[PDB]
Structure formats: C-alpha cells, structure tokens
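>>> need a structure here:
(2 chains, ligands or ions: 5)
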Amino acid sequence: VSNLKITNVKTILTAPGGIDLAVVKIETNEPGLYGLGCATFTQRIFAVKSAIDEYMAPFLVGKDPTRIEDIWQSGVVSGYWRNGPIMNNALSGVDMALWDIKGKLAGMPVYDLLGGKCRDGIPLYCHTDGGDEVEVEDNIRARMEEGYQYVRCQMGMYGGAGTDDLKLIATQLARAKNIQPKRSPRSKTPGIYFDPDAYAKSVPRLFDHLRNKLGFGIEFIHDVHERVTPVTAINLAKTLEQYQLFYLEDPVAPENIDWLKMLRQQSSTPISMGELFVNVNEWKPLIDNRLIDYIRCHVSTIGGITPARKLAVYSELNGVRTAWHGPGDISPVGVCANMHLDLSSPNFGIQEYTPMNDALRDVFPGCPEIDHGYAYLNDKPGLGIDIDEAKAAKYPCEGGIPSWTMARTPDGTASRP
Amino acid sequence: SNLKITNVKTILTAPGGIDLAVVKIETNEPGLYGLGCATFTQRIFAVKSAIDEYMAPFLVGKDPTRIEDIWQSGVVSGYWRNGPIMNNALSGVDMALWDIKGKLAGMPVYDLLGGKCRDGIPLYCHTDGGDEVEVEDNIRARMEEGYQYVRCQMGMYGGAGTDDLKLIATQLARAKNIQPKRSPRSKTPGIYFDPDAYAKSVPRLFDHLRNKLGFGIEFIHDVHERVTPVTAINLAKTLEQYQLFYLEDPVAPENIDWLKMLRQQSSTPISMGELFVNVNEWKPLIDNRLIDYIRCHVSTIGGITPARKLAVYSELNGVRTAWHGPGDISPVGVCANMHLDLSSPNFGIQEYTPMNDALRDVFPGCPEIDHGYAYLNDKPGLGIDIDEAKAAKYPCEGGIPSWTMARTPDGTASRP
Ligand SMILES: O=C(O)[C@H](O)[C@@H](O)[C@H](O)[C@H](O)CO
Ligand SMILES: O=C(O)[C@H](O)[C@@H](O)[C@H](O)[C@H](O)CO
Ligand SMILES: [Cl-]
Ligand SMILES: [Mg+2]
Ligand SMILES: [Mg+2]
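Numbers count the residues shown, from 1 in each chain, chains lettered A, B, ... in the order given. Ligands and ions are numbered 1, 2, ... in the order given. There you are, the coordinates:
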C-alpha cells in the first residue's frame, strides 16, 4: 500500500447513550481503509465540529496518514495558539483515527503497535450513588454481585447536590437527603445550590458506614470534584486515611494545583487529579513532584493517543499510574482508545467505566466485552471499533447548554463545579 | 433597573486584511449596547460557534452589570476551560460588559478602573528588513514619525520572513545573507528556517543598529520560540551589551521551566506570554520574577476581567505589562489594551500595529496616534463603535495559515 493519502475528514455527531458525542472519520485513497477517533467535549460539540470541519479537514487532505507524530506536532501548532479543550479534541479525533488506520495497515490492534499486552484483562470501577448512606450501600452490593471489585461512592453525586440535568450522565441523581446546608440569603440568584462544608463533613460519615457494612476487600473511590477549599480538601484527605480509599479524586481545581504541595506533606490517602487538564504545565509539576498517584486525563481533551502515550510514560518513570477519564461523555471509540493505552502501559492503575446501553453497542460495533468487573478488548486491527453512520443518525445530538455547571454556594457565589 | 441582555452576536470582518471577530451585546435599554473583541484569527469560525451556540443562550435575560459573576460562571459553564477558543468567546462578552458599564456610568473604562496613571501611552512598532541596512532604514523612518521604541527583526521570525498574508497582511523578505544548513535530498512541505543561523545573526544585527543609531532609541527583539532553550539563554547573554528594552519569547510556553536557568545567568530584560491561555503558565513566571514584562493577548486570556487580575499580580511582583498588539486584534481589542494601559501603575509598553483607513471607518473611535504616543478619546465605555453595514463590506477570508508550518533544515515540524 504505497502513495497513501487522506481524502476526507468528517465529524459525526450522535447521542445513542443520551449524551452528545463527537466522532471523527478519516477516509483514505485505499478503498475500504478508514479510521475513527473520539473528539467528545460534550458541552461544546458544535464548536469542536467547527474546529474539525473548517480547520482540520483542509490541513489534512492529501497527506500521508502514516506520519502520525508529524501530523500531530504540526497540527498542534497550526493555529499558533493551542493547549485548549476545543483545539485538543479536534486533534484527538484525527490522531486516534490515524492510529486506527495504522493498526489496520499492520493487521494489529493498537495495543500491539504500542508494545503488546501487559495484563490479561482491564480492571474497572463503576459509579455508585444515592440520597443516603443505605442507598449507596445497596448500589455497591448490586455492583459487587456483577463482579465489580472497585467502585466510586458518592452520596448526592458532587458536593451533595445530586443532578437534575440529563446532559451530565443522562440520568437524574438525588441530592443528599440528610445533609443540612446553611441558610441562603433572602433572595437567590439562579443556580444549583450546594454546601461545600456540609458536603465535606458528610464524606467521612459515608465511608465509616460503608466500611462497617461492606468491609475492606472492596476498593473505594471518592470524587471531590473541586467542590471545597484546598485546606478543606487536605483535612478531608487526612480524615479519610483510615478508610483506605483506592484514591481520592480532584481535591483541588487545576487553578489550585500548588495546594497539593501542602496536601502531600500531610496526607497519605492516594490522590488522583486531571480530568480537567489541557496543558503540560498543569500535569508536569504534579508528576515531577509526586503530588499525585494517578493521572486522570480525558484522552481526547489532551489531544489523543499520541500525547496520552507520552503522559503515560512520564508518569511511569515517576511511579505514577494511569486512570484515564471514563465518564458517559466519551464515545465508544474513546473508551477503546483508553483501553488500548491501558493494556499496553506497565503503569496502568484503573479504568473508570460507564456501562453502555444496547443503542451504543449497535451504533458502535466492537465495544469491549465486559465480564465480571474486567474489560476484554477484541483483537481486531486498529482500535477494533467501527461506527454505523445510518444507525448513528437515529440518535441526533440535543445540543444546547448544561445547567449543572452553574454551581452556587449558600451565599450565591458562582463556584467551580 | 431591570436591565437585561437581549441579544449576543458575532461580527466577522477583515477591514485591515486580517480576519477579526467582534461581539456585540444588546440590552433592553434602547440604544445601549456593548462591543468586545474575540479575535483568535486562525480559528475565527470556531470562535463564532462558541459565541453563537453557547455564550448567547447562557447570557440572554441576565443583568449585564454583574460582570465578575458572568465571567466566573461563564468560564466554568462548559466544565473544561483554559483554552484559546473558549477564552476568546468569554472576552468578546466580558469587554462588551465593561463597555456597557462605562456607558451606564458616563465614564471611559480607564476611569472605572481607577483613572489615568499617565498622560499618554508610549508605543512600539515593528521594523523589519532583509539585511541590517534595510532594518536601520525602517527604524529611521519610524523615529521620524516619533516612535521612541521599535521591534527590530531581520527576516521576521527565525530569519524566514513571510509570504503568508494571513499573518500581518504584508509580505516580509527572508533574511538575505543568513546561510542555512543544507536540507536532506527531499523535503516535506513547510516554511524552512535555520534556528542556529538565525541565532548567530541577531547580535550582528544589534551591533550594527547600536553603532548606526546609538543607545537613546529603545529596541525590542522577538525570538518567537524559534530556538532551543540553551541557545536562547546564550542569545540573552550575548545581547546584554546592546541593552534591549526586552527580548521576547525566548522559550515556548511548554518550556517555561527553562527561564529558571536563563534568569540565573542573564540580565537582558525578558518578556513572555502572547501564547498564554492558562494561569499555570504565567503564575510561576511572575511568582519567581522570571520575566520583566507579561505579553498576554487580552482576548485570549478571557478579556478585561482576567487581564486586570494579571496586571495586579504582576504589579505586586515588580513585573510590568506589555499586552499583545499585533495585526490580529480588532480596534475594540486595541482600545481594551489601552484602557488597561492607562489605568495600570505597572504599565510597561504598548505594541502597536498601524491601521488603514478602512479599519478607522469600520470602527469609529480608534485611538489617536500622535508622535509615538496613543491618546484614547474620553468617550464613555471603550470609546469605540462598529459600523455593521461597513463591516459587511469586508468579509473574512477564512482558510488556514501557511507560516505556522515551520520546519528546521532536517524537516522537523517546529513551534513557529
Ligand atoms: O470522574 C468523573 O467521571 C468526572 O468527574 C465526570 O463525572 C465529569 O464531571 C463529567 O464527565 C463532565 O462532563
Ligand atoms: O509580537 C508579536 O506581535 C507576535 O509574535 C505576533 O507577530 C504573532 O505572531 C501573531 O499575532 C500571531 O497571529
Ligand atoms: Cl479551546
Ligand atoms: Mg471526576
Ligand atoms: Mg511576539
């Protein structure tokens, strides 16, 4: 296969799981040979589509798709300004599709191009929630019955607020029932109100209950989701040491990463950070200084497999493990990309997993097999995943803007959500 | 009372031959509107989408007086954040809200911000040329016009020049006498440059310029991330004798840690930051006094609201401001830079790219330029307007630039 060229780049917007996704398909001049990539930044899908269709398409047409790194390095600087979530997702859609094409050319899964299997299956964690400790407990028992050996445990999702916004995970979750928030001022500006201090106090109570009822064999994760002041998060990490979490996630905002210096002087609770990261200057000081135990980047939002590989290696050499973002707002193509990285990384930590519905499996043939808390990738070439464009059209994106991201503390302050 | 945002729209126009994006915010007070700059020229269509599809429904119905609340909630509205497209959408909105606030107050934005700290805004402009003599000739012409500060490049960035009209709406000669290394026997398409041949040429250029022009005139040089960090460090040291006003962008944002080494060794003043989009880029530099001037593109860090915070953070660390002032900034953005400039105690310098008649016609209220200083009008808000019908006569070109495909002699795709 010589004189290989990119012929077309297109964006497919689809929501079979009830959450807006963006997927890139790159066609070549070799009949039947194409690649797929994930560009899912769900809150800005139309702007990602614009970045792909108006900019990436004329940048790529006619170029040899074999040169993944050169295309990545030149694409990243093509607009001069860079290091942002919309830009990165456009590059990710392209980059993953190129890895997909290379694996097809090689007759090899991407995990094989990257050095082959380092494990026999991919251990997963899934989410459990509830309005009180008993409901959280009940949900964890149901997941344990299914074979999950790791679970994230929240009571009232993030900051105890729950969610009524279907744009987040396509399902409503109850506010924490028994958290007594502070009284607000006499008129309130609209928002999703939460009480960071009432939330913080509830977390150790939740884990005390769960450990009493469920024991210490089951692995537990909790996500702070940047909801409290940094000293509150530090105190939280210290009080949770006794409950031996697999990790405590996002104790600080990316804008407050310096505070992890203080956190790591005091606490030995394992820490994860980074689903929000878009810049090397966010993650590099954390990893260089061993201020986290797991890196959490959303692969498409850091620009695809090419940069994720590099992050996985940088973390490896510093004893930091991977925990790629696995929410509902990631396409099955991105779930595959996370998993090809997972299977080939010596320093894989865990794979967050949001279970799919039948519509997702139908629109995307080749979804990883989930069997008793482990994921098993098929051994098909490239990413081992495909998209049925006609079936995708049955689930048009809803578009619009989320409501959950307007988070206000009791006095009405707009807060990092 | 009961003041509300009623409409948010994006205006795309190119009166100076460079794609601009401007946001206009209308309100339920007849005649009362604001304008902001959202100019990220290489991505204008994605910026328009970010504004039209996301900012518009986020804003309509809200009280425009709450600028800080709108900025803090807007910045996190999509969860993910800290990028150039997102920040420019936010800036267009933010600057329009400051404009509206000034119109409500009957005061220029500089007056809302604390009043004038100076009697005019000193400017620098660009001088270029294919050899030292052409550069010198251009500086002399600008000095005759009253400029007391000039940026001096020979072959623009990396010695390569440019043929790409998307960059500044002018072709600039490659450096004539710079002898690049031989490339391999076939070359991947790009704009070729030689960082080593470039680096060696700069002290020769300044030796000539200081000999011919003396040390009264202020000189700026822009490294534009073109060389390895230790080469930039050595360049800083060799340029100390020429007493530059500043040496700009010796490193890429991805290499800011290297300024620790630079600042142990060199006393050439340094500026950084036109590329910055993230607090984690500029905060370590300012906290550790690794730069003397901060160079942010105001719209690209999210508008007047975040730029003011950055100016104060710099002020408290003895770092001065040098807001980005290229051709790819609308006159609304030029005004925003200058309202900050006039109200900041730690103002450093204002980069200025002269406008043509069409820009002045499309944007009534452009700052007066008089013998090397800018003089803002004293009109309320930003003191700037846009004639929409006249803007429509200059549609955007769109497409993609060629200058950002920069390759070293062996063919390596480089940070441009
Ligand atoms: O740990 C997680 O899975 C993340 O916190 C997500 O829940 C994000 O909030 C969501 O992906 C935003 O779109
Ligand atoms: O100092 C400067 O003015 C800059 O380096 C510009 O020339 C940028 O390259 C341009 O604004 C990119 O679009
Ligand atoms: Cl962005
Ligand atoms: Mg999380
Ligand atoms: Mg510059």
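>>> For ligand 5, what's its nearest residue on the stretch 101-250 of chain A.
Of all residues in the stretch 101-250 of chain A, residue A:226 sits closest to ligand 5, at 33.4 Å by Cβ to the ion. Any C-beta I mention is one placed from the backbone N, CA and C, and that applies to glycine too.
>>> what's the answer for the stretch 51-200 of chain A, then?
In the stretch 51-200 of chain A, no residue comes nearer to ligand 5 than residue A:80, which is 10.3 Å away by Cβ to the ion.
>>> Quick one: neighbours of the closest residue to the residue of the stretch 101-250 of chain A closest to ligand 5 other than its chain neighbours, just the number.
Distances taken as Cβ to Cβ, 6 or more residues apart in numbering or on different chains place residue A:253 nearest to residue A:226, at 4.3 Å, with adjacent residues excluded. Look at residue A:253: counted by other Cβ atoms under 10 Å in any protein chain shown, it has 20 neighbours.
>>> Which residues are in contact with residue A:253?
With contact set as Cβ atoms under 8 Å, 6 or more residues apart in numbering or on different chains, residue A:253 has these partners: A:226, A:276, A:416.
>>> Got the phi and psi for the nearest residue to the second one once chain neighbours are set aside?
Okay, so that is residue A:276. Spatial nearest neighbour of residue A:276, excluding adjacent residues (Cβ to Cβ, 6+ apart): residue A:254 at 5.1 Å. Main-chain dihedrals, residue A:254, degrees, to the nearest 10: phi -50, psi -30.
>>> List the residues that contact residue A:254.
So residue A:254 contacts A:274, A:276, A:277, A:282, B:82, B:280 (Cβ under 8 Å, 6+ apart).
>>> I'd guessed the residue of the stretch 101-250 of chain A closest to ligand 5 sits against residue A:257; true?
No. Counting by Cβ atoms under 8 Å, residue A:226 sits too far from residue A:257 to count as a contact (11.0 Å).
>>> Looking at those two, which one has more neighbours?
More crowded of residue A:226 and residue A:257, by other Cβ under 10 Å: residue A:226, with 26 against 23.
>>> rewinding a little: mind giving me TSV with the contacts of residue A:253 and columns for secondary structure?
Listed next are the contacts of residue A:253 as TSV, based on DSSP: H, G, I helix; E, B strand; the rest coil:
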residue	secondary structure
A:226	coil
A:276	coil
A:416	coil
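>>> which residues does residue A:308 contact?
Residue A:308 sits next to A:297, A:299, A:302, A:324, A:337, A:341 when contact means Cβ under 8 Å, 6+ apart.
>>> let's go with 6 Å and repeat that
Applying Cβ atoms under 6 Å, 6 or more residues apart in numbering or on different chains, we find residue A:308 in contact with A:299, A:341.
>>> Secondary structure of it: a strand, I assume?
No. The assignment for residue A:308, made by three-state DSSP, is helix rather than a strand.
>>> How much space separates it from ligand 5?
Going from residue A:308 to ligand 5 by Cβ to the ion, to the nearest Å gives 31 Å.
>>> roughly how far apart are that residue and ligand 1?
17 Å (Cβ to the nearest ligand atom, to the nearest Å).
>>> now do residue A:34
For residue A:34, the distance to ligand 1 (Cβ to the nearest ligand atom) stands at 28 Å.
>>> Tell me which residues touch that residue, please.
Contact partners of residue A:34, counting by Cβ under 6 Å, 6+ apart, are A:25, A:27.
>>> hmm, try it at 8 Å
Counting by Cβ under 8 Å, 6+ apart, residue A:34 has contacts A:25, A:26, A:27, A:28, A:97, A:100, A:101.
>>> likewise residue A:68?
A:95, A:98, A:99, A:102, A:306.
>>> does the third one sit in a helix, a strand or a coil?
Under the three-state scheme (three-state DSSP), residue A:99 adopts helix.
>>> Quick check: it touching residue A:111?
No. Judged on Cβ under 8 Å, residue A:99 makes no contact with residue A:111 at a distance of 10.5 Å.
>>> Find residues that contact each of those two.
With Cβ under 8 Å, 6+ apart as the test, residue A:99 and residue A:111 both reach residue A:340.
>>> quick one: the residue nearest in space to the middle of chain A and chain B, what's the gap?
In chain A, the C-alpha nearest the mean C-alpha coordinate belongs to residue A:325, at 2.1 Å (Cα atoms, centre = their mean). Residue A:325 sits 11 Å away from chain B, taking Cβ to the nearest Cβ, to the nearest Å as the criterion.
>>> State which one residue of the stretch 301-417 of chain A is found closest to chain B.
residue A:414 (4.0 Å; Cβ to the nearest Cβ).
>>> Pull the contacting residues for that residue.
So residue A:414 contacts A:191, A:406, A:407, A:408, B:69, B:72, B:73, B:76 (Cβ under 8 Å, 6+ apart).
>>> what about 6 Å?
Neighbouring residues of residue A:414 by Cβ under 6 Å, 6+ apart: B:69, B:72, B:73.
>>> now do residue A:330
When contacts are counted by Cβ under 6 Å, 6+ apart, residue A:330 touches residue A:40.
>>> Just give the closest residue to residue A:108, not the sequence neighbours.
Per Cβ to Cβ, 6+ apart, closest to residue A:108 is residue A:381, 5.9 Å.
>>> Now do the phi/psi pair for the one you found.
Torsion angles, degrees, to the nearest 10, at residue A:381: phi -60, psi 160.
>>> What of residue A:404?
Residue A:404 adopts backbone torsions of phi -70, psi -20, taken as degrees, to the nearest 10.
>>> With residue A:200 instead?
Dihedral angles (degrees, to the nearest 10) for residue A:200: phi -60, psi -40.
>>> ok, it touching residue A:230?
No. Judged on Cβ atoms under 6 Å, residue A:200 makes no contact with residue A:230 at a distance of 11.8 Å.
>>> can you count the residues close to residue A:142?
For residue A:142, the count of nearby residues is 11 (other Cβ under 10 Å).
>>> and it, that's in a helix?
Yes. Counting by three-state DSSP, residue A:142 is located in a helix.
>>> circling back: got a winner among the contacts of residue A:68 for most neighbours?
Most surrounded of those: other Cβ under 10 Å gives residue A:95, at 32 neighbours.
>>> The residue of the stretch 301-417 of chain A closest to chain B pairs with what?
Counting by DSSP bridges, residue A:414 forms beta bridges with residue A:408.
>>> Show me how the record splits chain A into domains.
Domain assignment for chain A by curated CATH domains gives A:1-109+A:380-417, A:110-379.
>>> for these, which one ends up most surrounded?
domain A:1-109+A:380-417 (a mean of 21; mean count of other Cβ atoms under 10 Å in any protein chain shown).
>>> name the element the nearest residue to residue A:389 once chain neighbours are set aside belongs to?
Distances taken as Cβ to Cβ, 6+ apart put residue A:12 closest to residue A:389, at 6.4 Å, once the chain neighbours are dropped. According to DSSP states H and E, residue A:12 maps onto strand A:6-14.
>>> Does that strand pack against any helices or strands, and if so which?
When contacts are defined as 3 or more Cβ pairs under 6 Å, 6 or more residues apart in numbering or on different chains; DSSP states H and E, strand A:6-14 sits against strand A:21-28, helix A:57-60.
>>> hang on, the earlier thing: report the separation between the residue nearest to residue A:276 and ligand 2.
Noted for residue A:254: a distance of 26 Å to ligand 2, by Cβ to the nearest ligand atom.
>>> Residue A:281 now?
20 Å.
>>> is it fair to say that residue lies in a helix?
Yes. Under three-state DSSP, residue A:281 falls within a helix.
>>> For residue A:75, which non-adjacent residue is closest in space?
Nearest residue to residue A:75, sequence neighbours excluded (Cβ to Cβ, 6+ apart): residue A:91, at 5.3 Å.
>>> For the one you found, which three-state class applies?
helix.
>>> same check, this time on residue A:124
State at residue A:124, reduced to three classes by three-state DSSP: strand.
>>> now it, which residues is it bridged with?
residue A:351.
>>> now residue A:220
Applying DSSP bridges, one finds that residue A:220 bridges with residue A:151.
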